[PDB]
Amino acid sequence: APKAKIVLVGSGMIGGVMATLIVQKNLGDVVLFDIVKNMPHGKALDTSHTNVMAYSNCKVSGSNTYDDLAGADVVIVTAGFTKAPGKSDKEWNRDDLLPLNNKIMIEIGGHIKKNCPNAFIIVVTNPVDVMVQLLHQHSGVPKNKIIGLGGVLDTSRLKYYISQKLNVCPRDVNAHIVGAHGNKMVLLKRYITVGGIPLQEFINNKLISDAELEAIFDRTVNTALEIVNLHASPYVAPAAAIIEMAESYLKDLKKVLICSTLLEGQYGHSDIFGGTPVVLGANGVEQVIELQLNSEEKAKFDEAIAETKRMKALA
């Protein structure tokens, strides 16, 4: 009334799952945009039939034409590479995607600025905390209208693994991972709860040990690498996390979700994007929540931001 138009800039693995989920949730019309000929049209056609099964009414079209960004309410950018040429799966590292994906963000930014400067933008392309700022710079959109995927996905993994040990509903575990989406992501032990209860109570009761949690933390950090080596760069959970973010915007849910956003002094950092809880509603990023980190937690945050900064200089 009128339906949202959601343009998926990138129609690869994450793009495909997002289109599926958008139709399931009847969230809006979908454009699967890609530079690859034919493929987005095929995925769009396949996906469009699910309107019947889902009792939805969302158009799904493919596109190779950047001007289809015109009219977009939400733009989700997954365009780019998941691996660097010559690198084995064992040495997979998001940092190595920087020289492959940087020029793509600049190009897409220019098209967003021309065609849909008032759209809400979600950047996914890795290394995401670098790429989101690059796209912010070139798209010209306001700081409250662009975020990067990271924390919703990283914490989904931490929350899930803890829930398996404790035999509780996965979403009843809450947790914070901040700073950057990469190997220096900051897993804040102090900010884990189970049914709203400090995780430390469960540790005290010997229901999960500190050593078990350490292993879960390592597993969380290395989850993408683990999945890359088993199969592929992850896509199902990334897509679900992105759609949770987009839905909070579209429906004005005002969920607290950890995303990469422009810092303007929070944690002692400015002029850079980093992962922190934000509130997503109809006005985009309605609030940037600054966790009251202690000095040791802040030092870990600084290590994460330093990686983003290092790569930004290489970009």
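We number the residues from 1 along the sequence you see. Take the two forms, superpose them, and find the largest set of C-alpha atoms that agree within 1.5 Å; that set is the rigid core.
Participant: Can you check whether 132-140 or 101-109 lies farther from the displayed model in 7 other deposited structures of this protein, averaging C-alpha distances as RMS after superposing on the core?
Facilitator: Stretch with the higher C-alpha RMS distance in 7 other deposited structures of this protein: 101-109.
Participant: To spell it out: superpose each other structure in 7 other deposited structures of this protein onto this one by the rigid core, compute Cα RMS over structures and residues for 226-234 and for 73-81. Which is larger?
Facilitator: Per-stretch check in 7 other deposited structures of this protein: the more divergent one is 226-234.
Participant: Tell me whether residue 218 is absent from the model in at least one third of the other entries compared, counting only those where the residues either side are present.
Facilitator: It is not, since residue 218 is included in all of the other entries that model both flanking stretches.
Participant: Looking at the other compared entries that model residues on both sides of it, is residue 92 unmodelled in at least a third of them?
Facilitator: Yes, residue 92 lacks coordinates in at least a third of the other compared entries.
Participant: Look over 90-98 and 235-243 in the entry and identify the one with the greater average Cα temperature factor.
Facilitator: The stretch with the larger mean CA B-factor is 90-98.
Participant: Hey, which bit's got the bigger mean C-alpha B factor in the entry, 226-234 or 187-195?
Facilitator: The deposited B-factors put 226-234 ahead on the C-alpha mean.
Participant: Report the option among 120, 161, 217, 81 whose CA atom has the maximum B-factor in the deposited record.
Facilitator: The C-alpha B-factor peaks, among 120, 161, 217, 81, at 81.
Participant: Quiz for you: based on the deposited Cα B-factor, which of 181, 136, 157, 176 is highest?
Facilitator: That would be 136.
Participant: Comparing against every modelled residue in the chain, figure out the third that the C-alpha B-factor of residue 39 lands in (lowest, middle or highest).
Facilitator: Ranked within chain, residue 39 CA B lands in the highest tercile.
Participant: Which third, lowest, middle or highest, does the CA B-factor of residue 22 fall in along this chain?
Facilitator: It belongs to the lowest third of the chain when residues are ordered by C-alpha B-factor.
Participant: Using the B-factors in the PDB entry, rank residue 269's C-alpha atom against the chain and give the third, lowest, middle or highest.
Facilitator: CA B-factor rank for residue 269: middle third.
Participant: By the record's CA B-factor, is residue 76 among the lowest, middle or highest third of residues in the chain?
Facilitator: For residue 76, the deposited C-alpha B-factor lands in the lowest third.
Participant: Can you tell me whether residue 14 has a C-alpha B-factor in the lowest, middle or highest third compared with the other modelled residues of the same chain?
Facilitator: Lowest third of the chain for residue 14's C-alpha B-factor.
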